[PDB]
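**Q** In my numbering, the protein residues as written are 1 to 330. All C-beta atoms, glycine included, are put in the ideal place defined by N, C-alpha and C. Pasting in a structure now, in structure tokens, and then I'll have a few things to ask.
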């Protein structure tokens, strides 16, 4: 089997991407944030504290003939940005782009933090990291991908995120028309539960490539590119007037600037992030200070190849017995 679904930016900055997901019988379609940095499929629901729901579409398990309470199971998750959610668990039928999993754990939120409430466009998350990170207790649950894997034509999924445009998540096949040149594969460590890999270096604009190992994670659920302070300083030094602002929370730059590209290495291959991908617009409405899309990972504890990086590539998440990651230009 295979599946193919379009993923759409939630706003004009590509802050996140939503993908329609069918849950239950008859189908209830919710728009979920596919997150290769976590491993819980959770939804706003009829159980979510009413004051914490503001415009989201909810899953109502009592209206699904295939929903079953997973008795005694609870979940609770905290994300890198400080947001969180928790609740109980149902199993139900879940379909993405025509690919169906029966008995998928659907984590129903009883509580969500303010950042989730305030984002009316995201109805929940669909985790695509390794199932070892799943938070369900006392019986850990499998991700949608892990459940689908055996049935797929090939044990892979691909992320093809758009810049200010829709893109695609495919399951079970590699669309050879969706990228240019060849796909370069690189080793993955699953030790921390992430799609963790080592970039071979970087360049800023038309500058020379610096060969240096940068361990980080491929994370579709993180907006920006978070890299070591040395790398990030080298980038922003090429933008007149750019500075790190403790009050704003990162590097800002004059909105009048033209940003240089940023290149990262994948083995001997190179992925080029155009400068425009690094512009996240005014820090507040009407400001002439703009927020940068490349930020320091110092004090996160991990480097994160988030959407800024991933949307410059066609990315293969190869879930074979020994997982790997592939990157192609597009």
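Determine the closest residue to residue 210 out of 217, 218, 216, 200, with distance taken between C-alpha atoms.
**A** The shortest C-alpha separation from residue 210 is found at 200.
**Q** Can you tell me whether residue 195 is helix, strand or coil according to DSSP?
**A** Of the three classes helix, strand and coil, the one that applies to residue 195 here is coil, per DSSP.
**Q** Which parts of the region 224-310 are runs of the beta strand (DSSP E), unbroken and 3 residues or longer, counting only runs that do not cross its ends?
**A** Segments of the beta strand (DSSP E) lying fully in the region 224-310: 225-227, 243-245, 250-254, 262-266, 269-273, 279-282, 289-292, 294-296, 303-305.
**Q** Taking residue 33 as part of the beta strand (DSSP E), name the residues at either end of that continuous run.
**A** That run of the beta strand (DSSP E) goes 28-35.
**Q** In terms of residue numbering, what span does the beta strand (DSSP E) encompassing residue 147 cover?
**A** Where residue 147 is concerned, there is no enclosing beta strand (DSSP E), although the alpha helix (DSSP H) it sits in stretches over 144-148.
**Q** In the DSSP assignment, the beta strand (DSSP E) including residue 157 goes from what residue to what residue?
**A** Residues 156-160.
**Q** To the nearest angstrom, how far is it from the Cα of residue 317 to the Cα of residue 83?
**A** For residue 317 and residue 83, the distance between alpha carbons rounds to 26 Å.
**Q** Can you give, in chain order, each stretch of the beta strand (DSSP E) that sits fully within the region 106-132 and has at least 3 residues?
**A** Entirely contained in the region 106-132, the beta strand (DSSP E) runs reaching 3 residues are, in chain order, 124-127.
**Q** Determine, using beta-carbon pairs with one atom in the region 33-41 and one in the region 215-231, whether at least three such pairs fall under 8 Å.
**A** Output reads yes: the region 215-231 touches the region 33-41.
**Q** Which residue or residues does DSSP assign as beta-bridge partners of residue 210?
**A** DSSP, once it has assigned bridges, lists 202 as partnering residue 210.
**Q** Look up residue 187 in the DSSP assignment and say whether it is helix, strand or coil.
**A** Residue state, collapsed to three classes: strand.
**Q** According to DSSP, is residue 51 helix, strand or coil?
**A** DSSP places residue 51 in helix when its eight states are reduced to three.
**Q** By the 10 Å Cβ neighbour count, where 16 or more other Cβ atoms means buried, how is residue 55 classified, buried or exposed?
**A** That one is exposed.
**Q** Can you name the residues that DSSP bridges to residue 98?
**A** In DSSP, residue 98 forms no bridge with anything.
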